[PDB]
Every structure is written in C-alpha cells, then in structure tokens.
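Shown next, in structure tokens, is the structure this report addresses.
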Amino acid sequence: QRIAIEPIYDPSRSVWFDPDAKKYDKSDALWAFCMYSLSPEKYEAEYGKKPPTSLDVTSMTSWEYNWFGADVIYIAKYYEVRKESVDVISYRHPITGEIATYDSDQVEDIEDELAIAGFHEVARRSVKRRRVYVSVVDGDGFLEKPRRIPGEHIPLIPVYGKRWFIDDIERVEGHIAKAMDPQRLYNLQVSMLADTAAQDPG
Amino acid sequence: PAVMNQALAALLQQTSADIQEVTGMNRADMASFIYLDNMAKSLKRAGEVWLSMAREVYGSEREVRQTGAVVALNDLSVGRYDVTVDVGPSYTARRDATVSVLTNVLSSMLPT
Amino acid sequence: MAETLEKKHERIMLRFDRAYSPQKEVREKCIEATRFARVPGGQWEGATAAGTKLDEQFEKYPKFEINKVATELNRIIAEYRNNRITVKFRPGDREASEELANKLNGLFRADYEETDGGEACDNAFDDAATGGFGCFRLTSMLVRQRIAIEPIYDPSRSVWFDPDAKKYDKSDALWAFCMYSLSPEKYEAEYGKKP
Amino acid sequence: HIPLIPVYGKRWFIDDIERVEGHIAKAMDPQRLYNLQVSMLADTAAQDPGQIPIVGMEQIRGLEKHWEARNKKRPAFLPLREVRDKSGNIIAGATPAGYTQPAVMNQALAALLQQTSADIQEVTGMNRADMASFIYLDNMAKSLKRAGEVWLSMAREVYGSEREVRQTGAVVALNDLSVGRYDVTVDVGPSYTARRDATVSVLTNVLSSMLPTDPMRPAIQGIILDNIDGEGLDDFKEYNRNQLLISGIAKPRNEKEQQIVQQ
Amino acid sequence: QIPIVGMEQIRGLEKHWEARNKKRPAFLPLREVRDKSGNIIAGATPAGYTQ
Amino acid sequence: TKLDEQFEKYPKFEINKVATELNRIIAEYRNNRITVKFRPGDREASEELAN
C-alpha cells in the first residue's frame, strides 16, 4: 500500500466544499465534491455497459466559448465524514512489553495469525471515532458504493492566491483581475486608431 | 490626411502606464511574496493530512532504531508524535539536503 | 425567572440593542472600506445601475475600475507576514522563575501550533489593516482539557461590547456578543428539530 | 476575563464613541473621482474618431463612385462641382465646404487626472518609525499582550498551579489557590516554529558581536551546532557532543557518557 | 464638442449624421443657409461648436 | 455593421501586456520550490523519528 499525491485539473469548476467551512484550509468541513470529465468509451471500460450515462450539470462553461465535443460525461467524487462506533479489542500481550494495545475492529478480520502470541484480555471497550468515506456518483445513481479511506481528514488541499471572507462568502483574487479594464481599453484604442489611419493615406 | 485626435493619444499613454502600476525587507518588497506565503500554509496542511494518513498505512513507530509493524497493523493509544510540521527547500536526494546545510554552517566560520 | 423562564431573555435582547446603537455608523465605514478594496466591482457600489433613456432604451454609463489603493495595503500586510511576533513570558528575579518561564512559554507554543493560532492572527491583522477592526477568540476545547485559539470572521458585524468599556483591550466590560451565521441543515444537526 | 481579544488599526475616543480607521478610508474620494475621469474620457474619445468631408447633395451627385474608392485606386484627381445659387451664378468653389472635428480632451479633465493620481500616493504612505506600517505593528503587540494575560489567567484552571520545592503540577485535576501571582512578565518577541530556532537565533545574536578572542566563542559555536541540523548529521553531531562534554560544558545526562567517556 | 446647425439645414438627413461613427461614410451631406427670399447667405458647414 | 448590405466585422487587435508579471511570479516559484520539513522535538528519540 502507498500514499500518492495527484494533481487536480480545472479546480475552479471542479471542487466544491461544504458552505459551512470558513477556515483557510477547510478543516471544519463535513463533505466535498471533486468533478472530472470523461469520455463515453472510458465510461464503457469500467462501470460496465450501463445506460447511456447521466452527467452532472452546472451551467457554468461555454460562457463565451465554442463547443464541439459531445465527450462530456461529468462524474464526481463525494467525501463524507461520519462518527460511527468502533470496538477496540486490544491484544495487550504481556510479553515483549506491549502495554495498551490497539486491535481496532478492522485489524482482526484482516490480521488472521490465529492469535499466536497476543492473548485477548480486556477487549470490550467501544469508542466513537472519526472516519471518512468516498463514493462515485453521477446524475442517475451510484457508480461505486461508499467505502472508507485510510485517514481522518478530507484529502483535498486548497491553494489560494489571496483569500478573504467578506459577507458570509469567501472571496479570492489572482494577479490579473485588477488589470482587465485598462488592457481591454488599450486594445480598443489601438484598433480604432489603425483603421482611421488606413482610411485616408495621402 | 488622417489626424489622430488628442484624446486617443492621451488614453494610449494613460492605459499603458496604468497596466504597469496596477500589477507590481528585500523579500517583502517583491510582488510575489503573498503567493509564496500562502503556498507554505497549504503545504503545512498537506503535511498534517499525510501524517494522519500514514499511521494507518505504514503503522505506528514506537520505541524501546525505528521499527514499525509486522504484516499490517496500526497500534493505537501511542499518542501524538514529537515532530512539528514546517516548510523548507525541496531536494531531489538526501545528499543535497546534507551538503546544503553543512555548507551554510561553513562560510560563517573564521578559519580557525 | 431564568433558564426556561425567559425573563432573562428580554434583558439579553435589550442589552443587544443598547450595544448595537452607538457603534452603528462606525462599523458601516469599516465594511464599506473592506468591500471597496477587495470586492471586484465594489468601487462603484451605490450607482451600479445608472443611465438614461436614450431614445426609449436604457443604456447605462460605462463604469471602469482601476484599483490603485491596494498596493500599499499589500505592502503593509507583507511586512507583518514576514515578521510575525508572538508572546514571550519574560522571567523575574527569583530562584526558580527561569524554569517557570521556560515551561510557560513552551506550553503556549504547544497551544498555538496545534490549533488555529496562525490563521487567527493573520486574519485579525488583515482585517485590522484593511477596515480598522479585527478580533480573535480564545476558547477551551475538550481533547483531557486544552486551551485553543480560534479565528473570528467578519468582526465588524459580529462582535459587540458593553458600551461602558473605554479601554483599548475592553478590560472593564461586563458582557459581549459574538454572532455567527449558520445553515438550516446544521441547525437541524444539533439544537434538535426545533421550531 | 472575557476571552475576546480585539485588534485595531488606529483607535481613538472622541465623543463618548470609539472611532477606528484602517489604511484605505482616507483615499476613497480621489480614487472614485479618478475612475469617473477615465470613464468620461473613454467614450468622449470613442464618439468622434476622425474627419469626414461635408458637401452639398447636388455638388457630388453622379460622382460618388470616384470618392468612394479614393483609397484603393490611385486617381490622378478627384472631380467636384461648384456651388450655384437659384439663378445659376457661382458663389463658391469646388472644394468641400468643411470637415468635422475630432475629439478634444478638455483641460480640466487632464488636470484632475494628474491631481488625483498624485493625491492617492500622497495620502497612502528611526528606520522603523519612518515606515507606514509601524502603527499597525505596534497596535498588534499590545493586543498580543492582552491575549497573554487572558491565557495565563485561564491556564491555571486547566493545567493547575505550578509551585516549586522543576515545575510539577496537579495529580488528577486541581488548581491550588493562595499561591499568588507568578513571577513572570508578558512581552512580545519573534514567533518560532520550534524551540531549536529560538535557541540558535539568540545564540547567534550573542555571537557576531564578539571579537575573535577569549574562550567563549568556541563554546558558543559548540552550543549552536549541538542544536539545529537535519538529515544525515548523526556522526558529525556525535563527534561535536563528545568534544563538548570532555571540555566540561555539556553536563553528561547520567546515562552512559558520565561513566565511559567522561571517566 | 457638439456641432450646432439650423433646423431647416439638416431636416431629412439626420440618419446620416447619427451613424457617422459606426458606418464609414464617404462624405456627409448638408444644406446651405437661405434667407426669406431664397438667397444663399452662408455655406454648408455647421455654424459652430460648443466649448 | 451592415455597411451596404454586408456584415464586415470590426477589427479586434490583441496586444497582451498583462502576462509578463505573471510569468515573472511563476518563474520565482519554479526557481525555489519548497516542501514539507518535519522538524524534530525535545526528546531522546525524536531525531531518528523526524529523519
């Protein structure tokens, strides 16, 4: 097993968080979405034959843009955080030290050594923990049923240029938003001068 | 012939000058400081998430050298580790990290 | 007259209005300033949709925005983010005060690092330098007990003090309010079904 | 104490009312007047770009195609008629009557552009005191001092009193009382991620103000190198500590060196 | 600046002067100033401009 | 505009001058990339753990 770091493409129209999270790093969030586009053939590869797909909708893109591709199929990943109750069933084995042992519920089922050198002793303490589940959904139903991922936090890491919290809404800014008006006014000035010059040469 | 009215010339100069004005102690004077500072506090959160995720994949560390699990196990009630998440320069190999700090220790020393 | 008996609640509500009224025009300027400097179209707010008929139409006046007041503010904020400063706990003249100071400002560092201290301080300074008022909170969370440092968002329209406190740090205050917004579903989560 | 810690940019108490100010309130009027100046200049410039000749209808009838293509073809001349009154007499020549005017950029607008652009930089901003960020950074320190006082008052009820007869606190959960105010003072200083940074930062300031002489300087360097350091420095650090403790500066921590290398 | 003209000097030709900045006219038409007897007293140029 | 029963379009020249500073900022980061550190603590075994 391994931990991997992967990139996310088009974050502006792909990542959506709980509207109740206010911190920079979104620590206090309880769910999130991560959308990505897909081709009909790759949707046929996994997820089986299936109906002809029901993609998600945002009504965001093609806003001043040309469309030619019907290879849309938008799929999303869904992250949940739940409390749940898990039984710690410690094999606190007296020998070779081993005081205050772990034995979470998900250990014994996979770890079947037939209890070589552990003993069982106190194993009847139930504790509320915190786990994270992941799922794959579309506009119709579940492409992949929920399963728990190995951690405690939502594994999405946001990066901002400049971020502020103004009126119940988080606001960001890059490095070119402030220069739109002078640039697109300079362009108009040059374009208007060119043809006026070209109209009456001599 | 054509004339190139005065208002257009004034607008050309004004807009061309304003584009540079709007867009941009040694470090803080540069226009790229805030972005490079907000990147560090994102990497700090990434480190925290990695630490929380690594215990269940590689197992707890514990001491009595640094020895982990046997086949696949976590250990619990071992407590928070004694490390602090920070940021620093990115190095391809460990040797670069060693020589980079040792050469900074040097060059601040009189020959003696 | 208390708890279930809401006779305490009318007093609380009256105190809210008494605290809100004096500091009402002051906070409007702070909010307007932050919005003027940060929101993309906020420099023209108040006019926005203004124009003339122009032969039975409603063409609106062009409203270009060339933001030139934010550069010095960014310089000031970068100045602080370069050198962040924190609490020190200097010792005294005694046999054991050295170890006492060491222990105390190690505990404080532990509390500041393992919670949202850095975010709280950065947010407070940013708001204070932009509008003029910032704030942050100091609570005690259960993890087997701990002191935690937390940020406060939108201090201008969220924090209201006793109108009888006059000092910089509001030491001589006897009550205060801290508002925050919430979603209907999260209101259903805790606080029960409720009205 | 109430656990809320206010932070102000600039604060004054004027008429029974507390008044605050940031760094952009003073510059709103010049900025939003500059915006209006630019917006008003743009469309005035865009209204009348060039010049067009003006003629009478019967002075050019039948000759429009020659004037239409005067920039593509290369005519040797352009024909036109004269202006005749109702009885057939000539009163004006064959030249066009006049031309339209292009945009002008009145002088008051130019003066306002320059003045407002200059005023924005004037209103908004011994070495430290000359900078425009000093007052904000000074008001932050006195907020942090109050935060320290609140934390120290609240920490006694959570971690217990200290006492000394080392610093050992409670047993299960207790406060102790009538132990009195502590012997510390709240201040501000640079913020460090780890303790090692704090140690090396002050030790290197103690150094670099010392002439190369006296035992001191090697001891300071040894103490500095004992802290700090990262990956792959095990052997170097052990070699350093050996020389640091055989010279009576390290105080063996009663495990192996007091009986092996110290002896 | 706005040109100043007489009412009878431009009647029936407003659509050409309205669109002089969008379309690219080869010229602009205008009439002369005539007195009560029908004699010409002024040319086809506008009388003046505002300041 | 129509322009005598056609649809000639306005010329729209584009002179991109806003990307130079953005490229400078990006080059600044790509020259110095920075990553996670994992500083040690004050304990007998924290050094090896951090390594």
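Lettering and numbering for the structure tokens are positional, with chains as A, B, ... in the shown order, residues counted from 1 in each chain, and ligands counted from 1 in the shown order.
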| request: Pick out the residues sitting within 12 Å of residue 48 in chain F, and hand them over as a list in words; count only C-alpha atoms, and ignore anything fewer than 2 positions along from it in its own chain. | output: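 My list of contacting residues is residues 61, 62, 63, 65, 66, 67, 82 and 83 of chain B; 230, 231, 232, 233 and 234 of chain D; 38, 39, 40, 41, 43, 44, 45, 46, 50 and 51 of chain F.
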Could you please take those selected residues and save N, CA, C and O atoms as an mmCIF file, in the first residue's frame?
data_model
loop_
_atom_site.group_PDB
_atom_site.id
_atom_site.type_symbol
_atom_site.label_atom_id
_atom_site.label_comp_id
_atom_site.auth_asym_id
_atom_site.auth_seq_id
_atom_site.Cartn_x
_atom_site.Cartn_y
_atom_site.Cartn_z
ATOM 1 N N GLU B 61 5.068 4.042 15.007
ATOM 2 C CA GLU B 61 6.513 3.895 15.073
ATOM 3 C C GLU B 61 6.987 3.211 16.351
ATOM 4 O O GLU B 61 7.650 2.177 16.273
ATOM 5 N N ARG B 62 6.713 3.815 17.512
ATOM 6 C CA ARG B 62 7.024 3.320 18.861
ATOM 7 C C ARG B 62 8.517 3.076 19.063
ATOM 8 O O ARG B 62 9.272 2.946 18.097
ATOM 9 N N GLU B 63 8.958 3.008 20.317
ATOM 10 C CA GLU B 63 10.382 2.845 20.583
ATOM 11 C C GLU B 63 10.589 2.052 21.862
ATOM 12 O O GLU B 63 9.694 1.964 22.707
ATOM 13 N N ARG B 65 16.970 3.081 17.030
ATOM 14 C CA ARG B 65 16.314 2.475 15.875
ATOM 15 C C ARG B 65 14.863 2.925 15.748
ATOM 16 O O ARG B 65 14.379 3.688 16.571
ATOM 17 N N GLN B 66 14.189 2.473 14.689
ATOM 18 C CA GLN B 66 12.797 2.826 14.392
ATOM 19 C C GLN B 66 12.151 1.625 13.709
ATOM 20 O O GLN B 66 12.360 1.397 12.516
ATOM 21 N N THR B 67 11.366 0.858 14.457
ATOM 22 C CA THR B 67 10.762 -0.364 13.944
ATOM 23 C C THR B 67 9.249 -0.213 13.865
ATOM 24 O O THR B 67 8.618 0.244 14.820
ATOM 25 N N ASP B 82 6.252 13.505 18.328
ATOM 26 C CA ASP B 82 7.014 14.640 18.838
ATOM 27 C C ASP B 82 7.666 15.442 17.723
ATOM 28 O O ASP B 82 8.793 15.915 17.868
ATOM 29 N N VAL B 83 6.990 15.603 16.594
ATOM 30 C CA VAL B 83 7.507 16.385 15.487
ATOM 31 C C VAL B 83 6.576 17.560 15.236
ATOM 32 O O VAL B 83 5.438 17.600 15.707
ATOM 33 N N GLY D 230 19.661 18.646 10.415
ATOM 34 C CA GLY D 230 18.637 17.823 9.804
ATOM 35 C C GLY D 230 19.101 16.434 9.412
ATOM 36 O O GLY D 230 19.589 15.678 10.254
ATOM 37 N N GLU D 231 18.959 16.085 8.135
ATOM 38 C CA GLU D 231 19.159 14.724 7.657
ATOM 39 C C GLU D 231 20.632 14.418 7.428
ATOM 40 O O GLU D 231 21.339 15.182 6.770
ATOM 41 N N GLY D 232 21.075 13.272 7.939
ATOM 42 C CA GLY D 232 22.415 12.790 7.669
ATOM 43 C C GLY D 232 23.523 13.433 8.466
ATOM 44 O O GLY D 232 24.660 13.477 7.994
ATOM 45 N N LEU D 233 23.235 13.926 9.671
ATOM 46 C CA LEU D 233 24.243 14.561 10.510
ATOM 47 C C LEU D 233 24.436 13.834 11.833
ATOM 48 O O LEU D 233 24.724 14.472 12.847
ATOM 49 N N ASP D 234 24.275 12.514 11.851
ATOM 50 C CA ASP D 234 24.411 11.778 13.102
ATOM 51 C C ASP D 234 25.857 11.740 13.578
ATOM 52 O O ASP D 234 26.147 12.069 14.736
ATOM 53 N N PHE F 38 9.089 18.558 8.656
ATOM 54 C CA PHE F 38 9.034 17.653 9.812
ATOM 55 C C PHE F 38 10.202 17.890 10.776
ATOM 56 O O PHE F 38 11.117 17.080 10.908
ATOM 57 N N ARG F 39 10.152 19.046 11.433
ATOM 58 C CA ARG F 39 11.144 19.385 12.441
ATOM 59 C C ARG F 39 11.050 18.439 13.638
ATOM 60 O O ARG F 39 9.967 17.957 13.972
ATOM 61 N N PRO F 40 12.171 18.169 14.311
ATOM 62 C CA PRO F 40 12.136 17.292 15.487
ATOM 63 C C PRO F 40 11.655 18.004 16.736
ATOM 64 O O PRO F 40 11.239 19.163 16.678
ATOM 65 N N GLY F 41 11.703 17.316 17.872
ATOM 66 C CA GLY F 41 11.336 17.909 19.141
ATOM 67 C C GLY F 41 12.409 17.725 20.192
ATOM 68 O O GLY F 41 13.559 17.434 19.860
ATOM 69 N N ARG F 43 13.360 15.360 22.757
ATOM 70 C CA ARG F 43 13.157 14.015 23.266
ATOM 71 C C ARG F 43 14.370 13.182 22.896
ATOM 72 O O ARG F 43 15.195 13.586 22.075
ATOM 73 N N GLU F 44 14.464 12.007 23.515
ATOM 74 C CA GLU F 44 15.617 11.149 23.284
ATOM 75 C C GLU F 44 15.642 10.595 21.866
ATOM 76 O O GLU F 44 16.722 10.424 21.292
ATOM 77 N N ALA F 45 14.480 10.321 21.280
ATOM 78 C CA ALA F 45 14.417 9.618 20.011
ATOM 79 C C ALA F 45 13.750 10.403 18.894
ATOM 80 O O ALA F 45 13.506 9.834 17.827
ATOM 81 N N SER F 46 13.449 11.684 19.095
ATOM 82 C CA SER F 46 12.731 12.432 18.074
ATOM 83 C C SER F 46 13.567 12.677 16.825
ATOM 84 O O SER F 46 13.000 12.863 15.745
ATOM 85 N N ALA F 50 12.075 11.974 13.113
ATOM 86 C CA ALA F 50 11.930 13.007 12.096
ATOM 87 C C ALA F 50 12.664 12.630 10.818
ATOM 88 O O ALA F 50 12.149 12.852 9.713
ATOM 89 N N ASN F 51 13.866 12.059 10.946
ATOM 90 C CA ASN F 51 14.600 11.638 9.757
ATOM 91 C C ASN F 51 13.823 10.594 8.967
ATOM 92 O O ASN F 51 13.674 10.709 7.745
#
Distance filter 8 Å, only C-alpha atoms, chain A against chain C, as a PDB file with N, CA and C atoms, in the first residue's frame:
ATOM      1  N   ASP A  20     -20.462  25.597   4.991  1.00  0.00           N
ATOM      2  CA  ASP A  20     -20.300  25.949   6.390  1.00  0.00           C
ATOM      3  C   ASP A  20     -18.851  25.992   6.839  1.00  0.00           C
ATOM      4  N   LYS A  22     -15.310  27.739   6.982  1.00  0.00           N
ATOM      5  CA  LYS A  22     -14.872  29.117   6.855  1.00  0.00           C
ATOM      6  C   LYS A  22     -13.365  29.289   6.916  1.00  0.00           C
ATOM      7  N   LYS A  23     -12.623  28.280   7.347  1.00  0.00           N
ATOM      8  CA  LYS A  23     -11.196  28.461   7.534  1.00  0.00           C
ATOM      9  C   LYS A  23     -10.462  28.374   6.203  1.00  0.00           C
ATOM     10  N   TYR A  24      -9.205  28.815   6.217  1.00  0.00           N
ATOM     11  CA  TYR A  24      -8.393  28.796   5.008  1.00  0.00           C
ATOM     12  C   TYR A  24      -8.246  27.385   4.469  1.00  0.00           C
ATOM     13  N   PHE A 165     -12.728  36.811   3.640  1.00  0.00           N
ATOM     14  CA  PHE A 165     -14.087  36.414   3.996  1.00  0.00           C
ATOM     15  C   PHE A 165     -14.867  37.681   4.317  1.00  0.00           C
ATOM     16  N   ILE A 166     -15.762  38.092   3.420  1.00  0.00           N
ATOM     17  CA  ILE A 166     -16.328  39.440   3.442  1.00  0.00           C
ATOM     18  C   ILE A 166     -17.765  39.450   3.955  1.00  0.00           C
ATOM     19  N   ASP A 167     -18.690  38.835   3.227  1.00  0.00           N
ATOM     20  CA  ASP A 167     -20.092  38.807   3.659  1.00  0.00           C
ATOM     21  C   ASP A 167     -20.622  37.388   3.510  1.00  0.00           C
ATOM     22  N   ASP A 168     -20.352  36.552   4.508  1.00  0.00           N
ATOM     23  CA  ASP A 168     -20.761  35.151   4.512  1.00  0.00           C
ATOM     24  C   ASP A 168     -20.307  34.403   3.265  1.00  0.00           C
ATOM     25  N   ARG A 171     -13.993  35.054  -0.776  1.00  0.00           N
ATOM     26  CA  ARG A 171     -13.633  35.766  -1.993  1.00  0.00           C
ATOM     27  C   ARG A 171     -12.144  35.635  -2.256  1.00  0.00           C
ATOM     28  N   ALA A 177      -6.943  40.067 -12.337  1.00  0.00           N
ATOM     29  CA  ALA A 177      -8.311  40.568 -12.302  1.00  0.00           C
ATOM     30  C   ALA A 177      -8.342  42.087 -12.244  1.00  0.00           C
ATOM     31  N   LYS A 178      -7.352  42.700 -11.599  1.00  0.00           N
ATOM     32  CA  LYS A 178      -7.361  44.149 -11.460  1.00  0.00           C
ATOM     33  C   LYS A 178      -6.978  44.871 -12.741  1.00  0.00           C
ATOM     34  N   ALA A 179      -6.393  44.179 -13.714  1.00  0.00           N
ATOM     35  CA  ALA A 179      -5.883  44.826 -14.914  1.00  0.00           C
ATOM     36  C   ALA A 179      -6.745  44.580 -16.143  1.00  0.00           C
ATOM     37  N   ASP A 181      -9.680  46.051 -17.118  1.00  0.00           N
ATOM     38  CA  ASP A 181     -10.246  47.232 -17.770  1.00  0.00           C
ATOM     39  C   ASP A 181      -9.207  48.032 -18.544  1.00  0.00           C
ATOM     40  N   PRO A 182      -8.058  48.411 -17.973  1.00  0.00           N
ATOM     41  CA  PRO A 182      -7.057  49.111 -18.788  1.00  0.00           C
ATOM     42  C   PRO A 182      -6.588  48.318 -19.994  1.00  0.00           C
TER      43      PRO A 182
END
| Which chain F residues are at most 10 Å from chain A (counting only C-alpha atoms), as a list in words? | residues 10, 11, 12, 13, 14, 15, 16, 17, 18, 19, 21, 22 and 25 of chain F
| query | Which value, in Å to one decimal, gives the distance between CA of residue 23 in chain D and CA of residue 27 in chain C? | reply |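 Atom-to-atom, CA of residue 23 in chain D and CA of residue 27 in chain C are spaced 14.8 Å apart.
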| task | Can you work out the spacing between CA of residue 70 in chain B and CA of residue 111 in chain A in Å, to one decimal? | result | 10.3 Å
| said: Can you tell me which residues surround residue 2 in chain F at a distance of at most 12 Å, considering only C-alpha atoms, apart from same-chain residues fewer than 4 positions away, and format the answer as a list in words? | reply: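 My reading of the contact set: residues 19, 22, 23 and 24 of chain E; 6, 7, 8, 9 and 10 of chain F.
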| said: At a cut-off of 12 Å, using only C-alpha atoms, what residues contact residue 12 in chain E? Leave out same-chain residues fewer than 6 positions from it and give the result as an MDAnalysis selection string. | reply: chainID E and resid 18 29:31
| task | From the DSSP assignment of the backbone, select every residue of chain E that is strand (DSSP E), and format the answer as a PyMOL selection string. | result | chain E and resi 3-4+28-29+33-34+40-42+48-49
Pull C-alpha atoms from the residues just selected and write them as a PDB file, in the first residue's frame.
ATOM      1  CA  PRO E   3     -21.912  70.802 -33.781  1.00  0.00           C
ATOM      2  CA  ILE E   4     -24.619  73.464 -33.984  1.00  0.00           C
ATOM      3  CA  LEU E  28     -21.700  63.900 -45.137  1.00  0.00           C
ATOM      4  CA  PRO E  29     -24.494  65.962 -46.734  1.00  0.00           C
ATOM      5  CA  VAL E  33     -28.469  78.750 -45.203  1.00  0.00           C
ATOM      6  CA  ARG E  34     -31.141  80.647 -47.122  1.00  0.00           C
ATOM      7  CA  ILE E  40     -27.740  81.907 -50.075  1.00  0.00           C
ATOM      8  CA  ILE E  41     -26.045  83.731 -47.207  1.00  0.00           C
ATOM      9  CA  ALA E  42     -23.877  81.015 -45.656  1.00  0.00           C
ATOM     10  CA  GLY E  48     -20.074  76.395 -34.832  1.00  0.00           C
ATOM     11  CA  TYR E  49     -19.259  74.066 -31.967  1.00  0.00           C
TER      12      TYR E  49
END
| message | Taking 6 positions as the minimum chain separation for residues in the same chain, which residues sit within 10 Å of residue 147 in chain C when counting only C-alpha atoms? Answer as a VMD selection string. | response | (chain C and resid 107 to 108 110 to 112 115 138 to 141) or (chain D and resid 151 154 to 155 158 to 159)
| request: Pull out every residue of chain D that has at least one atom within 12 Å of chain A, counting only C-alpha atoms, and report them as an MDAnalysis selection string. | output: chainID D and resid 35 38:39 41:43 45:53 67:75 102
Restricting the output to C-alpha atoms, write the selected residues as a PDB file, in the first residue's frame.
ATOM      1  CA  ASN D  35     -12.393  56.329 -12.015  1.00  0.00           C
ATOM      2  CA  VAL D  38     -11.180  57.858 -17.002  1.00  0.00           C
ATOM      3  CA  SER D  39     -14.705  56.619 -17.720  1.00  0.00           C
ATOM      4  CA  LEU D  41     -12.726  60.388 -21.226  1.00  0.00           C
ATOM      5  CA  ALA D  42     -13.121  56.964 -22.843  1.00  0.00           C
ATOM      6  CA  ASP D  43     -16.497  57.445 -24.527  1.00  0.00           C
ATOM      7  CA  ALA D  45     -12.753  59.791 -27.313  1.00  0.00           C
ATOM      8  CA  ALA D  46     -14.786  56.985 -28.883  1.00  0.00           C
ATOM      9  CA  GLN D  47     -17.532  59.312 -30.151  1.00  0.00           C
ATOM     10  CA  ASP D  48     -15.686  61.155 -32.973  1.00  0.00           C
ATOM     11  CA  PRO D  49     -12.622  59.254 -34.202  1.00  0.00           C
ATOM     12  CA  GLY D  50     -11.755  61.053 -37.438  1.00  0.00           C
ATOM     13  CA  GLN D  51     -12.630  63.652 -40.080  1.00  0.00           C
ATOM     14  CA  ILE D  52     -15.258  63.475 -42.828  1.00  0.00           C
ATOM     15  CA  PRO D  53     -15.741  65.967 -45.687  1.00  0.00           C
ATOM     16  CA  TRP D  67     -14.900  59.454 -53.935  1.00  0.00           C
ATOM     17  CA  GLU D  68     -15.907  56.045 -52.581  1.00  0.00           C
ATOM     18  CA  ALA D  69     -12.733  54.326 -53.804  1.00  0.00           C
ATOM     19  CA  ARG D  70     -10.150  57.072 -53.313  1.00  0.00           C
ATOM     20  CA  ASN D  71      -8.037  54.885 -51.016  1.00  0.00           C
ATOM     21  CA  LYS D  72      -7.966  51.697 -53.126  1.00  0.00           C
ATOM     22  CA  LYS D  73      -7.454  53.088 -56.613  1.00  0.00           C
ATOM     23  CA  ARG D  74      -4.895  55.743 -57.301  1.00  0.00           C
ATOM     24  CA  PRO D  75      -6.722  58.609 -59.002  1.00  0.00           C
ATOM     25  CA  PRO D 102     -12.220  65.062 -33.837  1.00  0.00           C
TER      26      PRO D 102
END
Quick one: which chain E residues come within 9 Å of chain D, and what is the nearest atom pair for each with the distance in Å to one decimal, counting only C-alpha atoms, rows ordered by chain and ascending number, as CSV?
residue,atom,partner,partner_atom,distance
E:1,CA,D:103,CA,7.5
E:3,CA,D:100,CA,8.6
E:20,CA,D:48,CA,8.2
E:21,CA,D:48,CA,6.4
E:25,CA,D:52,CA,7.7
E:26,CA,D:68,CA,5.6
E:27,CA,D:53,CA,5.2
E:28,CA,D:54,CA,4.8
E:29,CA,D:55,CA,5.3
E:30,CA,D:56,CA,5.5
E:31,CA,D:56,CA,5.9
E:32,CA,D:56,CA,7.8
E:38,CA,D:86,CA,7.6
E:39,CA,D:85,CA,7.1
E:40,CA,D:85,CA,6.7
E:43,CA,D:97,CA,6.8
E:44,CA,D:97,CA,6.0
E:45,CA,D:98,CA,5.7
E:46,CA,D:98,CA,8.5
E:51,CA,D:106,CA,8.9
| message | Taking only C-alpha atoms into account, name the residue in D:33, D:186, D:113, D:250 that is nearest to chain B. | response |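 Closest to chain B of all the choices is D:113.
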| query | as a count of residues only, which residues of range 5-190 of chain C does DSSP assign to helix (DSSP H, G or I)? | reply | 86
| Neighbour list for residue 51 in chain B as a VMD selection string, cut-off 10 Å, only C-alpha atoms, skip fewer than 6 positions in-chain | (chain A and resid 151) or (chain B and resid 45 81 85) or (chain F and resid 38)
